[PDB]
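Ideal geometry is used to build each Cβ from the backbone, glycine not excepted, and the neighbour counts take in all protein chains shown. Bear in mind that the values in this text are calculations on the coordinates, not laboratory data.
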Amino acid sequence: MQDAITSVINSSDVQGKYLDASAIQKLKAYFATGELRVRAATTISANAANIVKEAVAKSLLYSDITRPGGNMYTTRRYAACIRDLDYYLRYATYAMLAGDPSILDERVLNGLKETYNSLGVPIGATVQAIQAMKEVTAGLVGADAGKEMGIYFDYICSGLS
Amino acid sequence: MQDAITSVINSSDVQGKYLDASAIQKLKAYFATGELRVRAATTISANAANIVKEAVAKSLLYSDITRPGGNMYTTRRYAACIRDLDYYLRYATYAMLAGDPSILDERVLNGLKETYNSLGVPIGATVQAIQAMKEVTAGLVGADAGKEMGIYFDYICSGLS
Amino acid sequence: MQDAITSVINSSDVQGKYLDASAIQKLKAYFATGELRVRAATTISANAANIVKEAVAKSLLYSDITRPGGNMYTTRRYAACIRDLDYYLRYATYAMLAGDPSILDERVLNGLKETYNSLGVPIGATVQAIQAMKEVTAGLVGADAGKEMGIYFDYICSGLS
Amino acid sequence: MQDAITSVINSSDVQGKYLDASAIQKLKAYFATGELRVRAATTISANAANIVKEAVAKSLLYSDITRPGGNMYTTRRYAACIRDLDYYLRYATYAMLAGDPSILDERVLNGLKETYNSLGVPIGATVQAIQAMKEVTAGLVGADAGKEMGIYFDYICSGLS
Amino acid sequence: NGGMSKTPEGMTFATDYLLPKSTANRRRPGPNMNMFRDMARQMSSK
Amino acid sequence: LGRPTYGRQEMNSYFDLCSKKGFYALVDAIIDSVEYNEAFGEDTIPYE
Amino acid sequence: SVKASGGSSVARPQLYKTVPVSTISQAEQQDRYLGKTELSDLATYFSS
Amino acid sequence: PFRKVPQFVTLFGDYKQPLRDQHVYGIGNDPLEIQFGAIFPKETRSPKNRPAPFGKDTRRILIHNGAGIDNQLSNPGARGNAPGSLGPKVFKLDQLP
Amino acid sequence: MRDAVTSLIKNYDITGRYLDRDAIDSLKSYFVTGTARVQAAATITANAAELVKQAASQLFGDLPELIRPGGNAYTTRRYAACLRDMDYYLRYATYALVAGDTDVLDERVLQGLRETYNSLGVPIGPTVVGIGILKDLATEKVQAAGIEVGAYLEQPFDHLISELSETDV
Amino acid sequence: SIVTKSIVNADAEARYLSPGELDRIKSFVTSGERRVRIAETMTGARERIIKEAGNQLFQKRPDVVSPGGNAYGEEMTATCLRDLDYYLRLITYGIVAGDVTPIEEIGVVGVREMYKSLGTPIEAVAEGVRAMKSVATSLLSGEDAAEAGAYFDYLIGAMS
Amino acid sequence: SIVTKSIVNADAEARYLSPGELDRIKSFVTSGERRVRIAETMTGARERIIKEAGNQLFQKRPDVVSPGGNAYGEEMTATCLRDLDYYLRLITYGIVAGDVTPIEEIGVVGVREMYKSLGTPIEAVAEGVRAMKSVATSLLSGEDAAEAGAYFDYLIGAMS
Amino acid sequence: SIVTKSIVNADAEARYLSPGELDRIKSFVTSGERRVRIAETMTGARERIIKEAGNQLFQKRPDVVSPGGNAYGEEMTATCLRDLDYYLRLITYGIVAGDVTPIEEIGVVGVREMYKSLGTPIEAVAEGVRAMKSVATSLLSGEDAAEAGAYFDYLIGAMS
Amino acid sequence: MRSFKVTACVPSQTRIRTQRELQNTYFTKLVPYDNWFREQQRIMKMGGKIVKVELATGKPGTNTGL
Ligand SMILES: *[C@H](C)[C@H]1/C(=C/c2[nH]c(/C=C3N=C(/C=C4\NC(=O)C(CC)=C4C)C(C)=C\3CCC(=O)O)c(CCC(=O)O)c2C)NC(=O)[C@@H]1C
Ligand SMILES: *[C@H](C)[C@H]1/C(=C/c2[nH]c(/C=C3N=C(/C=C4\NC(=O)C(CC)=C4C)C(C)=C\3CCC(=O)O)c(CCC(=O)O)c2C)NC(=O)[C@@H]1C
Ligand SMILES: *[C@H](C)[C@H]1/C(=C/c2[nH]c(/C=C3N=C(/C=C4\NC(=O)C(CC)=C4C)C(C)=C\3CCC(=O)O)c(CCC(=O)O)c2C)NC(=O)[C@@H]1C
Ligand SMILES: *[C@H](C)[C@H]1/C(=C/c2[nH]c(/C=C3N=C(/C=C4\NC(=O)C(CC)=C4C)C(C)=C\3CCC(=O)O)c(CCC(=O)O)c2C)NC(=O)[C@@H]1C
Ligand SMILES: CCC1=C(C)/C(=C/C2=NC(=C\c3[nH]c(/C=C4\NC(=O)[C@H](C)[C@H]4CC)c(C)c3CCC(=O)O)/C(CCC(=O)O)=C2C)NC1=O
Ligand SMILES: CCC1=C(C)/C(=C/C2=NC(=C\c3[nH]c(/C=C4\NC(=O)[C@H](C)[C@H]4CC)c(C)c3CCC(=O)O)/C(CCC(=O)O)=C2C)NC1=O
Ligand SMILES: CCC1=C(C)/C(=C/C2=NC(=C\c3[nH]c(/C=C4\NC(=O)[C@H](C)[C@H]4CC)c(C)c3CCC(=O)O)/C(CCC(=O)O)=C2C)NC1=O
Ligand SMILES: CCC1=C(C)/C(=C/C2=NC(=C\c3[nH]c(/C=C4\NC(=O)[C@H](C)[C@H]4CC)c(C)c3CCC(=O)O)/C(CCC(=O)O)=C2C)NC1=O
Ligand SMILES: CCC1=C(C)/C(=C/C2=NC(=C\c3[nH]c(/C=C4\NC(=O)[C@H](C)[C@H]4CC)c(C)c3CCC(=O)O)/C(CCC(=O)O)=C2C)NC1=O
Ligand SMILES: CCC1=C(C)/C(=C/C2=NC(=C\c3[nH]c(/C=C4\NC(=O)[C@H](C)[C@H]4CC)c(C)c3CCC(=O)O)/C(CCC(=O)O)=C2C)NC1=O
């Protein structure tokens, strides 16, 4: 796990020097927005089962992915996918406080291009589900925090590609 | 590509022995059913375009898919779909006379789990268009061949899902 | 396809320093054995088809892979197995003139171990053919010259393992 | 992991013959050089940590590898590089007493190239590291057994490159 | 007596005795070519 | 040719050709095929 | 048919149990050097 | 612990699948499709690698970069056409100085 | 694992349909042979520990390369391992004989078997002859018990032949 | 076989099977009893066919059994007597399938390179195929020697 | 940091973040302006710290100056202060992160071999950070020496 | 012992003792009369050997003799002179046991943690038993000096 | 290097084009000696009329040196 703090420190450590003015210049922008993100995480986890409920109902319900032969048909797989999509809501809130998309590379995005072709589950419906989950969480957390929330949603969607 | 004639040959060659009495008996079981398969091919290729027209009107037309928003909107994505159902019909009838679905493992079902995901094709509508295609080509060819036509349709239908 | 001479150059490149005493101590040892390397690589090229016809005679001929069922049965592979056996003799001769086993990883040992699994050819049966090829060269170019020939033969079967 | 006892008998097992007079001539040199092998083995175990201390002081310290950016900068990685440098002294002494280099083929060269290309370890700094302790052990155990110990280091260094 | 350790070290090697040399040699078939072999033996009279 | 390789028998016909003739006839045999000449032409830059 | 492959890395299990393979493989798994009683096998075995 | 992509679930699911779309000689023989460079998934750096038993003759199914119907598997007499506005820009030499 | 009944379930489940007239007559075709399936499966396991012993002595008397020091059936370390590795092919042929299709054979024995034998040096060649000496025989103890034999009681055995052995033609 | 050769010709043109092509399969399936009855005469009397054509080859080419030859001695002749078992097995696979692709994948593609590496003269073993055509026609009927003998004249031109 | 130790303790139960534990992130940010003012003041006299605290080390440990011990001349004592400059870099890395886990993953986790295999003892380096501790309090205020001195004794605890 | 280490590996693989492995015991029961001829020499010459090798040790490290060092005074020599007397008892116990294992059960497995709390520079007692190695090998024959030196060299690598 | 000079005339033979398509019809490419039998077998399958063939460089009937 890497922080926005450790993305300053280790980027100043592999050069082998101390903290310059530009190293603290990334910290002071993180400390001026640290108070906004801690309010942002506790209102997403308040409604974490309510974020998933609309975003499933927006992207793919009453479609032909839940009618039979579609990949989210059986109740193993419908209970799989909401359990699958609960990670992408949670591991973005893990990275919104961290200020760093490299949370997702160690935990989510590494083996995620595989095990989606390997089960034949649709990538294009999942990215359609994340991108509408961005537009339901903008209405709860506010407009400004959703910009910092929408970066890590697009980081999911780019590396899943 | 394995013909049912060549599948008995490929079985009997790798043991090293010549044609046994039991291996000859399997080819006579194929040759007695050889009239029923070659009847089914020539009654399809005269009107293979008509089966495509009667299968999209049963299951796909006037739906969400052919409307705006769906995937059979914008005729680039409709002429491609009508030739796509022409592909499964043309490759079922090759698998009919071969008597063995080994064509579909080689030239049909390779990418179709991933290429429909990587093109945004809903699999839950093309797996019903296949079953709607089976229900019109059983009425067009006959009740006796339509079970044995329906083996190689459901091999494609299980391969897509 | 860098040799052993450019390997000392590239090891002295990243350090940035010039040629010291220990940097050239591994360089005169090439020039001492270089007259043995240039002479012995002609004689392997002179008998580049008598070696392959002896190495498959020593291990692969009249075995159970040449029986029906095995990979050495159909002429179509047999000849692939010979052509694949022809590369390992020639690239060992390219490696012995270079003095560097990184000829083979960049060229032949990069994707060989998984290509042989995608065909299903036995890896552990190939190793005895290259081990028998290491014997018949050592009877051809003498006792001392087969030692440095046998290093790069043992590099291929270790990379294949 | 097969030794000189196994490699001789399995050379006569698949031939089906008894112990022929060339192989006892090999087996006589394996048994008469045991007190050279024991005296070499008891002295490398007598100072196992002195040898690897003088090995990294020969070729690794005050390079760019120890300077930040390099792959021995943290004290995690200096303990790692010095554990792995001990492992090429343990397994070299294991293949010393068995007389065959097939222990290193099974045990240490199985996933060595998989590890060091996954952490970005410089391979070209390692092939001089094991070459550095080739001098140190041969000065410690004598010119006779250091010639004998120099083969298994060079078998590791051939597999390393 | 009763030496703790044994053997005469000897003058040298064990270094490069690793490479075996033999005429494998080749593969006269001998097994399931017996039927073929009988025909060939039978053919020899001519 | 502006496309990937087609399968296995289309690639086995190229792998033996660079095993015997070399690289210079591998790049020849792509170009004088029917699929290069009749899908691109003799005066077009190839495209994917 | 078979539709996938895990891999086919050669695995070889010994047909035998001689003394210098078993004394080493009982000393490899303990993750240590060859101790002073383990050298006493090979100093006895090679002398015999 | 350096096999980062998972082993079993990529082939426990693959046994129920048909033959997955990749190169015929494994996934490591399949370059990333960018403008230049010829980068490859090197199988020894991070173990992507996954063999698949491919047939004697197989057809990889490819997508026409351009018009959807203008794949050459449907109409082989349409591969000499220009791809039009959907595909990339085709160049040709007309005016010689 | 996956019966002929349950293969017809997800032949019909994925298209979202009920059981029609074709479902009611293909499934009755399985049930009219079910008395002949089970009683053939009893007499296959009548002397199944003998049936591998009569087959492999008839194998190794037919291919004597695999006894003399060549390919791996040399010691009793190999030979008693060979009789066990033969016995899985007899035992799993009993299951798919009862189960209707070969999907029990598809994901218990066939997957990885091209890759297990290549890692050991076990040839795939005479293994096909080893199933070829059983599938014809297995039919002897079905014939000497009085059960008819033909369509099935080979449906399983040559699916262990046509999918294990590599395609030549 | 007949149909899987005509399927892979009908795939490159990207079209269904012609009614001028489907009657070929219709004629072949109904004439399936006769070609199997040709094949049992090959299998049921093949010890006569190899032993007579083996004698005919060593009289037409006596350089093969000479010292310094490939098939010299008792052992090395026995696989040349067993190689003709293999080519006769491909003809009796060919007449049942009715086409050339069970012969073409097994014994035709790599055969220029195979016997090149083994040291045998390629046309000499190909000459014994031509002698094996003559004996297999002598035990055959009037029309059946012309139809089943056509694949014999494929194989002599396969190696040459 | 706090935050990368917050999240890695939330993955170990696979829950969301505890709301009382979310206040220790909110206390981490609002108490961050005075923490980085400590770090630049140690950086602003990092040579004045080291060239002073190195001198009181050698009067306490005369083995590394009188010949016979480990590090000598210009050729190793400059490397001896190259170690102490790395540890001073780690503490000002640890102050801006709030915790000792940048010092944990970088600089203490393998220390008991890399001097143990390198001949020098451990405890004089543990007397060196104590020599660095006394000059780090004297540059700062009262309460700032309490917080920054809480990272120096962690270096003593992992080494000795 | 030689028995016990050869039991607990053969027990751990759940077999008997294999008869290739019994001969490490069959050899050493003949040479048990050798080791009791060795152990009687070192114990009687111990109170000779303790009063010069400690004085040989103090030349190369004299700051521990100096005030500030951990051996200052005659009462601060029995902490060090008996410790080398403690260690040669484990050497002679390693002679009679055949292998090195009574030192592992007694004298090695806390020396890093012991002398850290005792304040002793631990690199001196490795040099102190290095002084023990050089003069004890002179008192015996060279066949004994090679065997008894190998137990010393584990105790060299104990504190190093 | 034995470079041939060939003057072909290739008709359209189907698929009429509103382009230039003059360089495809009547061209005057020069080809090396080894790459011409694959070229001349290609130019017959398009129904092309090979008009003028002249060995531009190279000695006729030489034995050594390309
Ligand atoms: C040290 C001389 C060189 C070096 C070492 C280094 N290694 C690692 C990490 C690992 N090293 C190994 C080594 C081996 N594993 C084996 O199984 C065997 C044979 C028995 C050997 C020799 C392994 C598995 C790892 C992974 C970690 C682990 O052991 O659990 C590091 C750390 C790399 C990192 O990024 O953390 C280092 C520094 N590297 C060098 O630069 C030296 C040349
Ligand atoms: C009978 C008086 C003699 C005899 C006859 C015999 N043996 C077999 C079969 C086998 N014999 C072996 C032998 C060995 N396996 C080993 O591992 C070892 C130690 C190295 C030996 C000696 C094996 C594996 C078989 C089975 C395979 C085979 O068919 O050879 C037969 C054939 C039995 C049958 O028809 O099924 C016969 C007649 N064996 C004796 O011990 C007597 C000398
Ligand atoms: C004997 C007639 C044939 C033969 C057999 C042979 N097999 C092995 C080893 C194995 N066989 C298997 C096979 C399976 N395991 C399974 O779980 C299944 C599905 C139920 C199958 C089909 C495996 C895993 C092994 C490895 C050992 C083990 O079981 O763990 C050997 C041993 C190889 C050796 O020499 O050690 C032998 C001899 N070989 C032949 O030649 C005959 C064709
Ligand atoms: C000085 C106060 C103490 C001391 C230092 C000393 N060190 C060395 C050699 C090295 N020291 C290091 C130190 C570190 N390496 C790290 O990676 C980190 C964390 C970032 C630290 C603190 C290293 C790697 C070496 C090896 C050489 C190098 O840096 O390239 C010496 C020289 C030893 C020699 O024999 O040459 C000395 C003198 N030793 C003391 O006595 C002081 C107590
Ligand atoms: C935006 C680009 C676009 C077009 C043009 C389009 C056309 C389109 N026209 C359709 C049907 C139709 N279109 C017509 C239209 C006509 N029939 C006639 O006879 C007249 C000649 C003609 C117009 C004057 C009729 C009658 C049908 C239904 C077919 C039927 O009833 O059998 C359908 C199938 C059902 C539907 O979704 O409406 C499509 C998809 N779809 C597209 O995405
Ligand atoms: C049998 C072997 C085979 C398959 C599987 C196949 C699929 C296939 N479908 C494609 C496009 C398409 N295929 C469809 C088809 C459908 N989407 C729907 O909504 C419907 C459910 C369904 C058909 C009725 C559509 C809409 C596209 C256009 C997608 C695009 O161009 O972006 C393309 C890309 C264009 C092309 O090259 O043709 C391929 C390769 N082609 C083949 O040769
Ligand atoms: C430049 C590095 C390189 C090598 C060496 C290589 C080998 C290679 N061998 C192949 C097949 C094959 N390779 C073999 C070879 C063998 N099987 C055996 O049993 C023997 C042990 C061994 C011969 C000595 C055989 C028999 C086939 C055919 C497999 C089949 O058709 O099922 C194939 C797929 C077919 C083709 O060539 O188009 C490749 C790519 N490829 C490479 O790119
Ligand atoms: C079904 C496809 C197939 C073919 C084509 C095939 C050829 C084949 N011929 C072989 C040997 C041989 N074949 C011959 C045959 C002949 N030499 C002569 O002089 C005669 C003119 C000619 C035949 C009449 C000889 C002499 C050898 C032994 C070569 C040697 O061992 O050096 C061998 C090696 C030993 C063996 O396994 O039999 C193979 C694999 N095997 C096959 O499985
Ligand atoms: C064999 C198992 C064993 C160990 C490990 C052991 C350690 C040991 N070392 C001690 C003292 C000591 N040992 C030393 C050690 C030394 N003096 C020096 O100057 C040298 C550097 C070094 C030895 C050559 C010192 C300095 C003390 C006193 C520590 C103090 O007073 O703070 C004491 C307390 C007094 C005593 O009973 O001797 C014990 C128990 N005793 C044992 O029986
Ligand atoms: C942009 C400059 C340019 C021009 C002008 C041009 C002409 C041109 N006219 C052609 C054919 C033709 N031109 C004609 C001409 C006519 N019908 C008659 O018979 C009359 C005599 C004449 C009345 C207008 C005919 C019939 C052909 C086809 C000849 C054939 O293929 O048999 C062809 C060969 C087939 C083709 O590729 O179209 C070219 C290249 N190409 C160019 O690049």
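May I ask you to say which residue of C:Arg83, C:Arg76 is within 21 Å of J:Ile106 (Cβ to Cβ), more than 16 Å from ligand 4 (Cβ to nearest atom), part of a helix (DSSP H, G or I) and within 11 Å of chain I (Cβ to nearest Cβ)?
Details: C:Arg83 fails: within 11 Å of chain I (Cβ to nearest Cβ).
After applying the criteria, what remains is C:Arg76.
Restricting to the stretch F:20-44, name every residue that is within 14 Å of chain H (Cβ to nearest Cβ), in a loop (DSSP other than H, G, I, E, B) and among the aromatic types (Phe, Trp, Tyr).
F:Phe40
Of the conditions (1) within 11 Å of another protein chain (Cβ to nearest Cβ); (2) of a type outside the set (A, V, I, L, M, F, W, C); (3) in a helix (DSSP H, G or I), C:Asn110 clears all except one; give me its number.
(3)
Looking only at the stretch M:28-47, filter to residues that are in a loop (DSSP other than H, G, I, E, B) and touching a strand residue (DSSP E or B) at 6+ places or on another chain (Cβ under 6 Å); which one of those is nearest to ligand 3 (Cβ to nearest atom)?
Residues of the stretch M:28-47 in a loop (DSSP other than H, G, I, E, B): M:28-29, M:33-36, M:46-47.
Next cut, touching a strand residue (DSSP E or B) at 6+ places or on another chain (Cβ under 6 Å) only: M:28, M:36.
Values: M:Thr28: 66, M:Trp36: 54 Å.
Ranking the candidates gives M:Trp36 first.
Of I:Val129, I:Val169, which residue is without any contact (Cβ under 8 Å) to a residue 12 or more places away in the chain, at the interface with chain C (Cβ under 10 Å from one of its Cβ atoms) and more than 11 Å from the chain's Cα centre (by Cα)?
Numbers: I:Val129 fails: without any contact (Cβ under 8 Å) to a residue 12 or more places away in the chain.
It is I:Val169.
Inside the stretch K:107-160, counting only helices (runs of 4 or more DSSP H) that do not spill past its ends, which hold 2 or more residues that are of a type in the set (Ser, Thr, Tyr)?
Result: K:123-137, K:142-159.
Of the residues that sit in the stretch H:72-97 and are polar (S, T, N, Q) and within 30 Å of I:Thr167 (Cα to Cα), which one is surrounded by the most Cβ atoms within 10 Å (Cβ to Cβ)?
Taking the stretch H:72-97 first, the residues polar (S, T, N, Q) are H:72, H:74-75, H:81, H:85, H:95.
Keeping just the survivors that are within 30 Å of I:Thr167 (Cα to Cα) gives H:72, H:74.
Numbers: H:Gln72: 16, H:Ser74: 18.
Selected residue: H:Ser74.
Inside the stretch I:79-107, can you point out the residues that are more than 16 Å from ligand 2 (Cβ to nearest atom) and farther than 22 Å from I:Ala40 by Cα?
I:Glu107
Restricting to the stretch D:114-126, give me the number of residues that are under 24 Å from C:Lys147 (Cα atoms) and buried (at least 19 other Cβ atoms within 10 Å of the Cβ).
Counting residues in the stretch D:114-126 that are under 24 Å from C:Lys147 (Cα atoms) and buried (at least 19 other Cβ atoms within 10 Å of the Cβ) gives 1.
Can you find, within the stretch I:65-94, the residue that is nearest to ligand 7 (Cβ to nearest atom) among those that are among the hydrophobic types (A, V, I, L, M, F, W, C) and over 27 Å from I:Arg2 (Cα atoms)?
First, pick out the residues of the stretch I:65-94 that are among the hydrophobic types (A, V, I, L, M, F, W, C): I:66-67, I:73, I:80-83, I:86, I:90, I:93.
Then keep just the ones that are over 27 Å from I:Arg2 (Cα atoms); that gives I:66-67, I:73, I:80-83.
Numbers: I:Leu66: 18, I:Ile67: 22, I:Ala73: 19, I:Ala80: 27, I:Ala81: 23, I:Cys82: 21, I:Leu83: 26 Å.
Within the stretch I:65-94, the match that is nearest to ligand 7 (Cβ to nearest atom) is I:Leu66.
Sort through M:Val53, M:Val6 and tell me the only one that's within 14 Å of chain F (Cβ to nearest Cβ), away from ligand 8 (no atom under 16 Å from the Cβ) and assigned to a strand (DSSP E or B).
When all the criteria are applied, what remains is M:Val6.
Among the residues of the stretch D:54-83, which ones are under 21 Å from the mean Cα position of the chain (by Cα) and among the hydrophobic types (A, V, I, L, M, F, W, C)?
D:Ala55, D:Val56, D:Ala57, D:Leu60, D:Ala79, D:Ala80, D:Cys81, D:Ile82
Within the stretch J:1-18, work out how many residues are assigned to a loop (DSSP other than H, G, I, E, B) and not aromatic (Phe, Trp, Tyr).
Residues of the stretch J:1-18 assigned to a loop (DSSP other than H, G, I, E, B): J:1, J:13-18.
Subsequent filtering for residues that are not aromatic (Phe, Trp, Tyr) retains J:1, J:13-15, J:17-18.
Of the residues in the stretch J:1-18, 6 are assigned to a loop (DSSP other than H, G, I, E, B) and not aromatic (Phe, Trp, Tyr).
Answer with yes or no whether K:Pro102 is within 29 Å of L:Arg61 (Cα to Cα) and either within 14 Å of another protein chain (Cβ to nearest Cβ) or surrounded by 20 or more Cβ atoms within 10 Å (Cβ to Cβ) (or both). Explain how you work it out, then say what you get.
Numbers: within 29 Å of L:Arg61 (Cα to Cα): no; either within 14 Å of another protein chain (Cβ to nearest Cβ) or surrounded by 20 or more Cβ atoms within 10 Å (Cβ to Cβ) (or both): yes.
When the stated conditions are applied, K:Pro102 does not pass them.
For D:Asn50, state whether it is under 14 Å from A:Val14 (Cα atoms) and away from ligand 6 (no atom under 16 Å from the Cβ). Walk me through how you get there before you give the answer.
On the way: under 14 Å from A:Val14 (Cα atoms): no; away from ligand 6 (no atom under 16 Å from the Cβ): yes.
No: the conditions fail for D:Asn50.
Report whether or not K:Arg82 is within 10 Å of another protein chain (Cβ to nearest Cβ), surrounded by fewer than 15 Cβ atoms within 10 Å (Cβ to Cβ) and either in contact with a strand residue (DSSP E or B) (Cβ under 7 Å, 6 or more places away or on another chain) or among the charged types (D, E, K, R) (or both). I'd like the intermediate steps shown before the answer.
Values: within 10 Å of another protein chain (Cβ to nearest Cβ): yes; surrounded by fewer than 15 Cβ atoms within 10 Å (Cβ to Cβ): yes; either in contact with a strand residue (DSSP E or B) (Cβ under 7 Å, 6 or more places away or on another chain) or among the charged types (D, E, K, R) (or both): yes.
Yes, satisfied.
Could you please let me know if A:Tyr88 is in a helix (DSSP H, G or I) and buried (at least 19 other Cβ atoms within 10 Å of the Cβ)? Let's see the steps before the verdict.
Values: in a helix (DSSP H, G or I): yes; buried (at least 19 other Cβ atoms within 10 Å of the Cβ): yes.
Answer is yes for this residue.
Is one or more of the residues making up the stretch K:19-30 assigned to a loop (DSSP other than H, G, I, E, B), under 20 Å from K:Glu143 (Cβ atoms) and facing another protein chain (nearest Cβ under 10 Å)? First the steps, then the outcome.
Step one: filter the stretch K:19-30 for residues assigned to a loop (DSSP other than H, G, I, E, B), giving none.
No; the residues of the stretch K:19-30 include none that is assigned to a loop (DSSP other than H, G, I, E, B), under 20 Å from K:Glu143 (Cβ atoms) and facing another protein chain (nearest Cβ under 10 Å).
State all residues of the stretch I:1-17 that are more than 12 Å from every other protein chain (Cβ to nearest Cβ) and part of a loop (DSSP other than H, G, I, E, B); if no residue qualifies, say none.
Of all residues in the stretch I:1-17, those more than 12 Å from every other protein chain (Cβ to nearest Cβ) come to I:3-6.
I:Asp3, the sole residue that qualifies.
Out of curiosity, is B:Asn71 crowded, with 18+ Cβ neighbours inside 10 Å, under 23 Å from A:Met72 (Cα atoms) and touching a residue at least 24 places away in the same chain (Cβ under 8 Å)? Before the answer, list the steps.
Details: crowded, with 18+ Cβ neighbours inside 10 Å: yes; under 23 Å from A:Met72 (Cα atoms): yes; touching a residue at least 24 places away in the same chain (Cβ under 8 Å): yes.
Taking the combined requirement at face value, the residue satisfies it.
Return the only residue of E:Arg27, E:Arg41 being charged (D, E, K, R) and within 16 Å of ligand 7 (Cβ to nearest atom).
Numbers: E:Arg41 fails: within 16 Å of ligand 7 (Cβ to nearest atom).
Sole residue among the options that is charged (D, E, K, R) and within 16 Å of ligand 7 (Cβ to nearest atom): E:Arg27.
A:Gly16 passes all but one of (1) surrounded by fewer than 19 Cβ atoms within 10 Å (Cβ to Cβ); (2) at negative phi; (3) away from chain B (no Cβ under 14 Å); which number fails?
Going through (1) surrounded by fewer than 19 Cβ atoms within 10 Å (Cβ to Cβ); (2) at negative phi; (3) away from chain B (no Cβ under 14 Å) one by one, A:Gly16 breaks only (2).
Among the residues in the stretch B:26-49, are any buried (at least 17 other Cβ atoms within 10 Å of the Cβ), outside any helix (DSSP H, G or I) and more than 16 Å from ligand 2 (Cβ to nearest atom)?
No - not one qualifying residue is present in the stretch B:26-49.
Looking at B:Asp86, B:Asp105, B:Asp154, can you tell me which residue is under 9 Å from the mean Cα position of the chain (by Cα) and without any contact (Cβ under 8 Å) to a residue 60 or more places away in the chain? Let's see the steps before the verdict.
Working: B:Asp86 fails: under 9 Å from the mean Cα position of the chain (by Cα); B:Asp105 fails: under 9 Å from the mean Cα position of the chain (by Cα).
Unique residue meeting the criteria: B:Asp154.
Pick from the stretch J:51-79 the residues that are part of a helix (DSSP H, G or I) and touching a residue at least 60 places away in the same chain (Cβ under 8 Å): which of them is nearest to the other protein chains (Cβ to nearest Cβ)?
To start, the set of residues in the stretch J:51-79 that are part of a helix (DSSP H, G or I) comprises J:51-60, J:73-79.
With touching a residue at least 60 places away in the same chain (Cβ under 8 Å) added as a condition, the list becomes J:52-54, J:56-57, J:60.
On the way: J:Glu52: 10, J:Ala53: 11, J:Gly54: 6, J:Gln56: 11, J:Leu57: 11, J:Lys60: 14 Å.
Once the filter is applied, the top-ranked residue is J:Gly54.
Restricting attention to the stretch E:7-23, and to residues there that are at negative phi and touching a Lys or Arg at 6+ places or on another chain (Cβ under 8 Å), which single residue is surrounded by the fewest Cβ atoms within 10 Å (Cβ to Cβ)?
Our first condition is that a residue be at negative phi; within the stretch E:7-23, this holds for E:8-9, E:11-12, E:15-23.
Now narrow it down to the ones that are touching a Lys or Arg at 6+ places or on another chain (Cβ under 8 Å): E:9, E:15-17, E:19-20.
Details: E:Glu9: 15, E:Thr15: 17, E:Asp16: 12, E:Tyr17: 16, E:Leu19: 15, E:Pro20: 15.
Residue satisfying both the conditions and the ranking: E:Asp16.
Could we say that B:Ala4 is surrounded by 21 or more Cβ atoms within 10 Å (Cβ to Cβ), more than 10 Å from chain J (Cβ to nearest Cβ) and touching a residue at least 12 places away in the same chain (Cβ under 8 Å) here? Spell out how you get there, then give the answer.
On the way: surrounded by 21 or more Cβ atoms within 10 Å (Cβ to Cβ): yes; more than 10 Å from chain J (Cβ to nearest Cβ): no; touching a residue at least 12 places away in the same chain (Cβ under 8 Å): yes.
Spelling it out, it is not the case that B:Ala4 is surrounded by 21 or more Cβ atoms within 10 Å (Cβ to Cβ), more than 10 Å from chain J (Cβ to nearest Cβ) and touching a residue at least 12 places away in the same chain (Cβ under 8 Å).
Which of the residues that make up the stretch J:34-57 are more than 18 Å from B:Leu27 (Cα to Cα) and surrounded by fewer than 20 Cβ atoms within 10 Å (Cβ to Cβ)?
Correct list: J:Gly44, J:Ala45, J:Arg46, J:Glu47, J:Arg48, J:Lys51, J:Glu52, J:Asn55, J:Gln56.
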